[PDB]
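K.L.:
Sharing an experimental structure here, sequence included.
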Amino acid sequence: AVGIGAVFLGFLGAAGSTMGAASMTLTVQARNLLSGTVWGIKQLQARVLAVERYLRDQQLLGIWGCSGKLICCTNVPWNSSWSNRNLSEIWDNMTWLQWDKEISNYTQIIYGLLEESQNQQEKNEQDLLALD
Amino acid sequence: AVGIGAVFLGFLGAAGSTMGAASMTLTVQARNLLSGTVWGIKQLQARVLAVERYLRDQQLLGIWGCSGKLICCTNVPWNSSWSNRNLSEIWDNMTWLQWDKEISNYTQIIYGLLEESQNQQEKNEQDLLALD
Amino acid sequence: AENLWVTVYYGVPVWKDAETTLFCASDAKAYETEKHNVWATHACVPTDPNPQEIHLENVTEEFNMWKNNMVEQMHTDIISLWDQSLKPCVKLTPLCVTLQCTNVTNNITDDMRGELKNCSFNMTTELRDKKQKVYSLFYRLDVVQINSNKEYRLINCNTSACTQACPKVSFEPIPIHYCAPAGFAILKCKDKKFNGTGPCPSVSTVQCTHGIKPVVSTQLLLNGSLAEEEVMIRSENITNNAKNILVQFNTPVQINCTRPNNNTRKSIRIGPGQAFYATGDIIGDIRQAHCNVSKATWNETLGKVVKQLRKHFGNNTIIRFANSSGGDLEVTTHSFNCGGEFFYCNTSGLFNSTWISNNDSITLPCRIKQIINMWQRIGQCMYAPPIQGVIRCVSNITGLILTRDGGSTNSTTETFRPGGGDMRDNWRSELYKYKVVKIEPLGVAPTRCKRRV
Amino acid sequence: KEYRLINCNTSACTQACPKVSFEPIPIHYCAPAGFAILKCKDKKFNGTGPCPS
Amino acid sequence: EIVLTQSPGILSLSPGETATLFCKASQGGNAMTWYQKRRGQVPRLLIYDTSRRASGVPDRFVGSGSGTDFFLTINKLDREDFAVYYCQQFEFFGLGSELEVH
Amino acid sequence: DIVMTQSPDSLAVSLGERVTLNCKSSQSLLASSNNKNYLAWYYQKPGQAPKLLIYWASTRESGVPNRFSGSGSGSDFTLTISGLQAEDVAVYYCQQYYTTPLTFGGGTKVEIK
Amino acid sequence: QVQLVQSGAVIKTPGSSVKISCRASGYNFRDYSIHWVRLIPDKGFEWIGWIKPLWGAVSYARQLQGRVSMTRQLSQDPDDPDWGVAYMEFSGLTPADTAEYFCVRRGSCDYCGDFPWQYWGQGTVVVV
Ligand SMILES: *[C@@H]1O[C@H](CO)[C@@H](O[C@@H]2O[C@H](CO)[C@@H](O[C@@H]3O[C@H](CO[C@H]4O[C@H](CO)[C@@H](O)[C@H](O)[C@@H]4O)[C@@H](O)[C@H](O[C@H]4O[C@H](CO)[C@@H](O)[C@H](O)[C@@H]4O)[C@@H]3O)[C@H](O)[C@H]2NC(C)=O)[C@H](O)[C@H]1NC(C)=O
Ligand SMILES: *[C@@H]1O[C@H](CO)[C@@H](O[C@@H]2O[C@H](CO)[C@@H](O[C@@H]3O[C@H](CO)[C@@H](O)[C@H](O[C@H]4O[C@H](CO)[C@@H](O)[C@H](O)[C@@H]4O)[C@@H]3O)[C@H](O)[C@H]2NC(C)=O)[C@H](O)[C@H]1NC(C)=O
Ligand SMILES: *[C@@H]1O[C@H](CO)[C@@H](O[C@@H]2O[C@H](CO)[C@@H](O[C@@H]3O[C@H](CO)[C@@H](O)[C@H](O[C@H]4O[C@H](CO)[C@@H](O)[C@H](O)[C@@H]4O)[C@@H]3O)[C@H](O)[C@H]2NC(C)=O)[C@H](O)[C@H]1NC(C)=O
Ligand SMILES: *[C@@H]1O[C@H](CO)[C@@H](O[C@@H]2O[C@H](CO)[C@@H](O[C@@H]3O[C@H](CO)[C@@H](O)[C@H](O)[C@@H]3O)[C@H](O)[C@H]2NC(C)=O)[C@H](O)[C@H]1NC(C)=O
Ligand SMILES: *[C@@H]1O[C@H](CO)[C@@H](O[C@@H]2O[C@H](CO)[C@@H](O)[C@H](O)[C@H]2NC(C)=O)[C@H](O)[C@H]1NC(C)=O
Ligand SMILES: *[C@@H]1O[C@H](CO)[C@@H](O[C@@H]2O[C@H](CO)[C@@H](O)[C@H](O)[C@H]2NC(C)=O)[C@H](O)[C@H]1NC(C)=O
Ligand SMILES: *[C@@H]1O[C@H](CO)[C@@H](O[C@@H]2O[C@H](CO)[C@@H](O)[C@H](O)[C@H]2NC(C)=O)[C@H](O)[C@H]1NC(C)=O
Ligand SMILES: *[C@@H]1O[C@H](CO)[C@@H](O[C@@H]2O[C@H](CO)[C@@H](O)[C@H](O)[C@H]2NC(C)=O)[C@H](O)[C@H]1NC(C)=O
Ligand SMILES: *[C@@H]1O[C@H](CO)[C@@H](O[C@@H]2O[C@H](CO)[C@@H](O)[C@H](O)[C@H]2NC(C)=O)[C@H](O)[C@H]1NC(C)=O
Ligand SMILES: *[C@@H]1O[C@H](CO)[C@@H](O[C@@H]2O[C@H](CO)[C@@H](O)[C@H](O)[C@H]2NC(C)=O)[C@H](O)[C@H]1NC(C)=O
Ligand SMILES: *[C@@H]1O[C@H](CO)[C@@H](O[C@@H]2O[C@H](CO)[C@@H](O)[C@H](O)[C@H]2NC(C)=O)[C@H](O)[C@H]1NC(C)=O
Ligand SMILES: *[C@@H]1O[C@H](CO)[C@@H](O[C@@H]2O[C@H](CO)[C@@H](O)[C@H](O)[C@H]2NC(C)=O)[C@H](O)[C@H]1NC(C)=O
Ligand SMILES: *[C@@H]1O[C@H](CO)[C@@H](O)[C@H](O)[C@H]1NC(C)=O
Ligand SMILES: *[C@@H]1O[C@H](CO)[C@@H](O)[C@H](O)[C@H]1NC(C)=O
Ligand SMILES: *[C@@H]1O[C@H](CO)[C@@H](O)[C@H](O)[C@H]1NC(C)=O
Ligand SMILES: *[C@@H]1O[C@H](CO)[C@@H](O)[C@H](O)[C@H]1NC(C)=O
Ligand SMILES: *[C@@H]1O[C@H](CO)[C@@H](O)[C@H](O)[C@H]1NC(C)=O
Ligand SMILES: *[C@@H]1O[C@H](CO)[C@@H](O)[C@H](O)[C@H]1NC(C)=O
């Protein structure tokens, strides 16, 4: 879902667009997330906070299936007790600012399942290599 | 194209060798790129500049196909308007110091095509998983 | 197959020219000393002497010592590091006072002048009630008469309170290694006949620089780096007369320098934990500080530098050497520091030559100052304490800093004056080899393979 | 008729240096990486509540 | 010494025309500097480094040439642009190229 | 928003010689990511639909001959003509396409004197 | 701004020793060299000499040595360091030295050399 258009398509440009349309511009927010006598200390701790946050997010990705995919799929199924709404009414109706609030309570339940499924898939892969 | 030899084979050792021969020693420059009352501020900002540059380069790799390959291939073809020269007269004739100048003007045209092809391949992969 | 496919490679050896902040380093024996008896002993990382270098084959980079960076960095860092070893020291606020000065006890000759004044003054004691009367010995160059009675004052009583150089810390040179951070490299030119401008055919990468002893000398740069086989003259542009010519020659010229006066350091209590180290007695003869070079080897090295100067000026050129045209004290007479003592030695015996296109020793007299105005700041002078005993030191004249006069109206000759000027000409004679580059990975190149989906 | 300064019993009074000036020059407050700054372009916005633009 | 020689000398041109002023160096390999002195006024840097224009000079002063041949080309001669022109190499000067009005 | 201000209001010259025009922006249009800049120089005739002249703030359109040059980066931009024709003497426009809302210049009406 | 302001004109006797000052204001006077250049009617520009005012390092024209002498006077205060006074004592005055004298300074660009003189004093007319 990308077409020909000459406008800049910049950082947080599609924050209000629906989340089926902001997904076609995710490398922009990924790009503009890292590079940007006493005050050098303040600037320096701001820069190390930036690189620490980037490393924490890349570590959360890396212990899951995707390390540099930027769109990755996994093997845990969507529990319908979490959001109980249709597939057609998320990708064409709501935004990420509005979808963030609706699963913020069910966040950190999902991440443990992601790590659990990735650890189980790693040990299944190790056993499948080991039986050969 | 690697053989038996006892010399150190160190950092920037093959900078003047042809680029078909400096490609067999690329983990050396990849290795020696990160680790190395007022002056602690200068040393500290030099170190965070080093890790920021390393993170920027790893982020440019990661939004493309290769995240840790260190040699990766992709799906955009070489436009012959860029360098208009034979394949035999790059890997056996010139160096990276000399090939850097010859496509420095056509740089940043190539990187957008790399991100475009990687985003298109990610959405094609997502649709191919989705139809199954 | 004629369609090529692009591939990005990481770890590609290729650099651009860049400007970064190198960091200081010292040797392990220089790291062994402690408690700031020299400058910044624990601030810098320890490293090896002659740090590790590897040679790069079939490479050619153009260098320029004149538009080079990191001589600016070394100049700024040595000025700031000179300043930072003075904040714990003692300010001479209570010593700006009326000095009742008489002549030193000596057979006075009315034609010549005594270079020492015996000055008595009121000094505040450690108690804020009582003051004492104490005398000292100063030089003519450090006191001026204010307007029968003969009362003097210091020359810097109307510009600054003068920070005493602490006698704990020494001013000897210890070699700095300028090390590059990660991502940057340093290239050294191993070429013999390389004038610091243009393409160097033989470079080598190195992590840190070789040892640079910080010497402070206006004319006749001392303990420097010797040239390989012949004298090399180096300038940004020869025909410009406002550019200095840096002359580096092969075998060094041994110079001896001495103050033969045996002095007595005497402590004076200014206040609580405040001590002023003054001159007490002159034990023995009142003699003049001087230096010696060898007559024969100086004539030899002048013949060598005329032989090398005739390559840029034609063969039938008469090369003559005359002394400095004028200026302040430390731009006309060659300054140095012989162990915590600042000498100003007359070079008129050295540059007194003419050269046609066909066991002795030069004595040269010196003056000594106790208060100095290094780098010509607006409000920062420096008292330097006297030191005990006869002071002698041996050094190597490594090069010269020459300046051609404004030759016009059919100049059959071309004359050369010595001149110190900026300190960076002293610093460009050591970082003329090196440059700093930014190593940039992620090259990109075509090859005949498409990624298998 | 002898006077004194009013601040003789509280502080030694630091002279403003005549080299440095006190004219205003515009500061731009820039955000680091990972943070953004949002500006409200709404006309009738009293600084409280929802900004639509 | 660098002997500089200016070839046109006295040149009379109508306003609105173009002027070409030649300077000839006895020793080549260096840059050339172009100054303008009006009558009873202080001289002004026009061109340094043989092509670069100074601060506060209009674009029609075009320096060119190299070696021993150095050209100052003025296009669309203003009334104020009729003065004496000098070429400097390092400390030497030309004898003046007067630009008079026909 | 972003104010696009053209510095002259009109330019009545003779035909054959070159001219130059400028458009200043209230905001630096130089995209730091692409390292390329965002001006559309347009040309509207009397009573006609406009056409592009300069895209990416420097590059001429196909069908436009070599006598135009979009120039300059950052915030201030210059359309330099090399030779004036009778087909050219109508209104020029500068446009930022960096953000919404898309704002144009004032329109410098060049005619023949 | 950067201003080089000289003293007024003067009439001297044959054999005198004229002294012309040049107050520089608007920049760090310790940085830039000050050149002295003259203008003689029907002889053109002649260069007299430069001074580096950080230590007063002078250099003279070859045919004017023994006659010219340049000094300087810096600004010694932490409040107004942006001024200075150059001097030139030109001695051995002959009627062939009737000329207009100039203290000049190079431009502050990164390709301005020593001799590309941007700034110019108003000049002192000396009749001997
Ligand atoms: C060019 O290079 C030469 C070669 O290094 C330099 O010459 C050295 O200069 C330093 C400092 O000027 C000299 O160091 C001083 O030497 C004095 C003489 O004593 C020497 O001999 C005794 C007995 O053999 C040794 O124990 C001693 O270490 C010396 O080798 C000493 O009196 C000084 O020591 C005093 O001061 C220090 C300061 O911290 C204290 O630690 C001591 O305890 C003591 O109080 C000092 O050591 C050195 O001797 C010179 N070497 C030679 C071979 O002459 C030139 O100075 C240099 N030129 C310039 C301009 O820097
Ligand atoms: C650096 O050193 C040089 C020499 O090492 C030094 O040059 C000498 O300076 C003095 C004065 O500064 C010159 O002047 C002399 O001063 C005495 C003082 O009474 C005069 O009497 C001398 O005259 C004698 O010589 C004349 C010529 O021979 C006779 O005609 C006369 O009757 C006297 O006998 C003399 O003028 C001295 O000449 C120079 N030396 C030389 C060789 O020129 C220089 O000053 C030092 N630098 C600094 C900054 O001090
Ligand atoms: C004294 O000697 C030094 C050492 O050579 C000399 O410095 C050089 O000056 C030139 C300019 O005069 C510098 O610029 C270069 O010039 C060459 C030849 O023109 C070109 O490679 C480049 O200039 C091009 O670009 C300019 C602007 O874009 C154009 O105006 C020009 O026509 C060219 O097209 C390049 O910029 C050069 O870098 C220095 N080199 C060094 C090593 O310092 C100095 O100029 C001499 N003094 C005098 C008064 O000539
Ligand atoms: C370079 O060498 C020359 C030649 O020796 C030096 O010139 C000499 O300079 C001294 C001053 O240092 C002159 O001494 C004079 O002494 C009388 C004594 O009363 C004094 O009144 C004068 O004002 C002057 O100081 C001496 O005449 C002079 N000689 C000549 C031939 O010019 C010059 O100083 C040396 N330069 C340096 C930097 O050492
Ligand atoms: C410097 O002057 C002081 C006087 O202020 C001299 O000290 C006196 O010297 C005489 C002669 O021996 C003694 O009798 C006095 O007792 C000394 N007085 C003090 C307070 O010490 C001193 O000798 C002079 N020194 C020099 C080198 O000239
Ligand atoms: C003490 O120093 C003073 C200077 O402050 C001497 O006075 C002059 O010294 C110079 C050179 O030393 C002589 O040429 C003058 O003739 C001296 N002036 C007089 C009036 O004689 C003084 O000679 C020194 N000695 C004594 C014993 O006072
Ligand atoms: C040190 O202090 C004493 C006392 O304050 C000074 O001596 C005075 O000098 C003046 C001027 O000659 C006389 O009128 C006073 O009678 C002196 N007082 C005493 C108690 O002697 C002296 O000048 C100061 N300086 C030195 C070098 O001793
Ligand atoms: C330093 O050596 C370089 C050569 O490596 C000289 O540079 C060349 O000089 C010739 C004239 O002799 C010019 O034609 C070249 O264009 C110069 N090349 C470059 C790259 O500048 C230079 O003249 C020498 N400098 C000195 C002071 O001797
Ligand atoms: C400088 O003077 C001191 C005197 O203060 C000399 O030191 C004395 O030297 C002799 C023998 O050389 C010893 O017997 C004394 O005990 C020493 N006295 C002190 C206080 O140290 C010193 O030798 C002299 N220096 C020179 C080079 O002559
Ligand atoms: C400078 O001083 C050195 C001493 O450091 C002198 O070298 C000595 O010379 C004598 C002969 O004059 C020899 O007997 C010694 O063996 C030498 N000693 C050393 C350590 O080399 C040198 O001659 C002096 N030079 C001058 C010009 O005075
Ligand atoms: C001056 O240079 C000479 C070399 O010309 C230095 O002498 C050498 O010093 C090293 C160690 O410092 C010795 O290993 C060599 O054997 C010496 N060679 C000769 C020929 O003497 C000398 O050290 C330098 N410094 C001084 C102060 O003279
Ligand atoms: C500023 O405007 C806001 C509306 O954007 C006002 O807030 C509302 O005020 C009404 C009463 O007039 C309340 O019923 C709402 O609950 C308020 N909404 C919010 C989000 O606070 C606010 O009163 C205005 N303030 C001023 C000082 O005029
Ligand atoms: C999360 O908890 C809050 C507070 O109990 C509740 O209001 C909210 O509905 C919960 N989230 C979801 C998605 O139900
Ligand atoms: C890039 O642009 C420069 C300047 O216009 C040009 O000289 C160069 O040839 C261009 N690069 C290539 C590979 O053509
Ligand atoms: C300080 O006094 C000396 C001697 O009178 C004088 O030369 C100098 O100019 C004075 N400095 C100031 C800043 O007044
Ligand atoms: C000077 O003579 C030498 C002979 O040793 C020669 O090599 C050099 O080329 C000559 N130079 C000139 C300018 O004649
Ligand atoms: C110059 O040399 C001569 C002879 O060598 C000597 O007599 C004279 O003193 C020297 N000049 C100076 C100023 O020392
Ligand atoms: C200082 O003196 C003034 C005047 O008497 C008085 O008003 C003030 O309270 C005093 N402040 C203190 C701290 O004593």
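P.N.:
Looks like it came in fine. Residues are numbered from 1 along each chain as shown, chains lettered A, B, ... in the order given. Ligands and ions are numbered 1, 2, ... in the order given.

K.L.:
Only C-alpha atoms from now on, for both contacts and neighbour counts.
P.N.:
Noted.

K.L.:
OK, contacts around residue C:18?
P.N.:
For residue C:18, the contacting residues are C:436-438, by C-alpha atoms under 8 Å, 6 or more residues apart in numbering or on different chains.

K.L.:
10 Å - rerun?
P.N.:
Residue C:18 is in contact with C:69, C:184-185, C:435-439, counting by C-alpha atoms under 10 Å, 6 or more residues apart in numbering or on different chains.

K.L.:
right, and the secondary structure at residue E:70 would be what?
P.N.:
strand (DSSP: H, G, I helix; E, B strand; the rest coil).

K.L.:
With residue G:30 instead?
P.N.:
Three-state call for residue G:30 (three-state DSSP): coil.

K.L.:
The closest residue to it other than its chain neighbours - how many residues pack around it?
P.N.:
Nearest residue to residue G:30 in three dimensions, chain neighbours excluded: residue G:54, at 4.8 Å (C-alpha to C-alpha, 6 or more residues apart in numbering or on different chains). Around residue G:54 there are 22 other residues, counting by other C-alpha atoms under 10 Å in any protein chain shown.

K.L.:
which non-adjacent residue is nearest residue C:310?
P.N.:
residue C:317 (7.0 Å).

K.L.:
Now that neighbour: phi and psi?
P.N.:
Main-chain torsions, residue C:317, degrees, to the nearest 10: phi -130, psi 130.

K.L.:
dump the residue contacts of it.
P.N.:
So residue C:317 contacts C:306, C:309-310, C:355-358, C:411-414 (C-alpha under 10 Å, 6+ apart).

K.L.:
Neighbour-wise, which one of the residues you listed leads?
P.N.:
Tallying neighbours with other C-alpha under 10 Å puts residue C:306 at the head of these, with 20 neighbours.

K.L.:
Show me which residues of chain A sit near chain G.
P.N.:
Contact residues, chain A versus chain G (C-alpha under 10 Å from any C-alpha of the partner chain): none.

K.L.:
quick one: which helix or strand includes the closest residue to residue G:68 other than its chain neighbours?
P.N.:
Setting aside the residues directly before and after it, residue G:68 is nearest to residue G:90 in space (C-alpha to C-alpha, 6+ apart), at 4.4 Å. Secondary-structure assignment from DSSP states H and E places residue G:90 in strand G:83-91.

K.L.:
List the strands paired with that strand, with their directions.
P.N.:
strand G:17-25 (antiparallel), strand G:68-73 (antiparallel) (DSSP bridges).

K.L.:
would JSON lines of these with distance to residue E:67 and mean neighbour count be doable?
P.N.:
Output for the strands paired with strand G:83-91, formatted as JSON lines (distance: least, C-alpha to C-alpha, whole Å; neighbours: other C-alpha atoms under 10 Å in any protein chain shown):
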{"stretch": "strand G:17-25", "distance to residue E:67": "36", "mean neighbour count": "19"}
{"stretch": "strand G:68-73", "distance to residue E:67": "34", "mean neighbour count": "20"}
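
K.L.:
who touches the residue in chain G that ligand 15 sits nearest to in this structure?
P.N.:
Nearest residue of chain G to ligand 15: residue G:76, at 5.2 Å (C-alpha to the nearest ligand atom). Residue G:76 is in contact with C:158-160, C:376-379, G:82-84, counting by C-alpha under 10 Å, 6+ apart.

K.L.:
That one belongs to a strand, doesn't it?
P.N.:
No: assessed with three-state DSSP, residue G:76 is coil; it does not lie in a strand.

K.L.:
So it versus residue C:80, what's the distance?
P.N.:
To residue C:80, residue G:76 is 20 Å away according to C-alpha to C-alpha, to the nearest Å.

K.L.:
For chain A, just list every one of the helices.
P.N.:
Using DSSP state H, the helices of chain A run over residues A:27-31, A:39-62, A:80-83, A:88-91, A:96-102, A:110-130.

K.L.:
Get me the contact residues on the stretch 151-300 of chain C for ligand 1.
P.N.:
Contact residues, the stretch 151-300 of chain C versus ligand 1 (C-alpha under 6 Å from any ligand atom): C:170, C:172, C:215, C:223.

K.L.:
gap between the last one and residue C:216?
P.N.:
According to C-alpha to C-alpha, residue C:223 and residue C:216 sit 10 Å apart.

K.L.:
What of residue C:360?
P.N.:
28 Å.

K.L.:
Which of these two has more residues huddled nearby?
P.N.:
residue C:216 (17 against 9).

K.L.:
Report the contact partners of that one.
P.N.:
Residue C:216 sits next to C:173, C:222, C:335-337, C:342, C:374, C:423, C:426-427 when contact means C-alpha under 10 Å, 6+ apart.

K.L.:
Verify the stated contact: residue F:69 with residue F:60.
P.N.:
Yes: with contact defined as C-alpha atoms under 10 Å, residue F:69 reaches residue F:60; the gap is 7.2 Å.

K.L.:
Name the residues contacting each of these two.
P.N.:
Counting by C-alpha under 10 Å, 6+ apart, the common neighbours of residue F:69 and residue F:60 are F:53-54.
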